[PDB]
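Quick notes on the structure that follows.
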Amino acid sequence: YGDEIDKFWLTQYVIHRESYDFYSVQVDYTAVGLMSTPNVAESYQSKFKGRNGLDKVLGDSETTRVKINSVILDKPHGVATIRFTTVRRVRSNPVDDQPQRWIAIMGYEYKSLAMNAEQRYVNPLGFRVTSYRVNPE
Amino acid sequence: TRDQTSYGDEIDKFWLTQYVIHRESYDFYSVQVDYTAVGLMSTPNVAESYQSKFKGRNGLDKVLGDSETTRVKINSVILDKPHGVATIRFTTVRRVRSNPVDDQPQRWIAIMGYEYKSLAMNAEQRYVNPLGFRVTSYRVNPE
């Protein structure tokens, strides 16, 4: 669909998935779902299982924000690499935690299937992640 | 592919900032791409006003060529999704290739009207403007 369009969804995916804010985890959880193959999807849903679920554990005690630093592409393969930075924030503390720099190896593709009302505000192009992996530097 | 004013905050912002970058940047290496993009992402009236500076012997790319470049930096975006209106503040940094350093930055405000339209679209057209985003009004002023 073009590089800049590819970079948008990819970065929005990282932001959606690697961020934590309680009052927006529900839409974030939804986006990651639509933007992921079911097997890649429920590998992430593992964070939200039982009553030890991330949102159900952390509650609103803290928040983690994401910062996109760079985005390289490999268009034919449908592969991309995203370096990003996370900053955790405990609401009780007076200061942000020290940043953490990560790398995200991603595979992606496009298949606009069941065009639904609540999808076309999230993934209109049918962007989906095929392989997601994250590591530090 | 579907008539609607908005696609939400983050999707609207993407196209809008992409439009400003395409339209307010100048890079000879990418101008053909930028020029096509603005054309597809514009109503005919917005398009014709923009395309005007490229027509003729003194067409911008015919005059400037690769002698210089201007890059854009988006500072902020304020959406009014219900009415398809947006305000974008951005900075341009011009570089004349015959100078050792860049020009001083300039600050601008873009008042924009936008929408999405379902229209007939070929292969390499959908590849640039899949959702049929287009600017319906556009005026830039200095900060």
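Chain letters run A, B, ... following the sequence lines, proteins first and then strands; every chain starts at 1. Values below: all heavy atoms of this structure, side chains included; hydrogens, waters and symmetry mates excluded.
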A:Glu137 atom CD, neighbour heavy-atom count above 12 within 6.0 Å: yes
If one checks every heavy atom of B:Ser6 against chain A at 4.5 Å, the contacting part turns out to be backbone
Are more than 12 heavy atoms from other residues, nucleotides or ligands located less than 6.0 Å from atom CZ of A:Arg91? yes
Counting only heavy atoms not in A:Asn52, do more than 12 sit closer than 6.0 Å to its CG atom? no
Are there more than 12 heavy atoms of other residues, nucleotides or ligands under 6.0 Å from atom NZ of A:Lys49? no
Derivation of the side-chain contact (heavy atoms from CB on, under 4.5 Å) call for B:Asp9 and A:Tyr121: CA-CA 10 Å; B:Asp9 269 14; A:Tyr121 272 2; over 6 Å; no
Heavy-atom neighbours of A:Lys7 NZ exceed 12 at 6.0 Å: yes
Quick check for you: to the nearest 0.5 Å, what is the distance between A:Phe8 atom CZ and B:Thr17 atom OG1? 8.5 Å
Gap separating the CG atom of B:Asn129 from the CD1 atom of A:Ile5, nearest 0.5 angstrom: 7.5 Å
Atom group of B:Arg2 that falls short of 4.5 Å from chain A, counting heavy atoms: neither
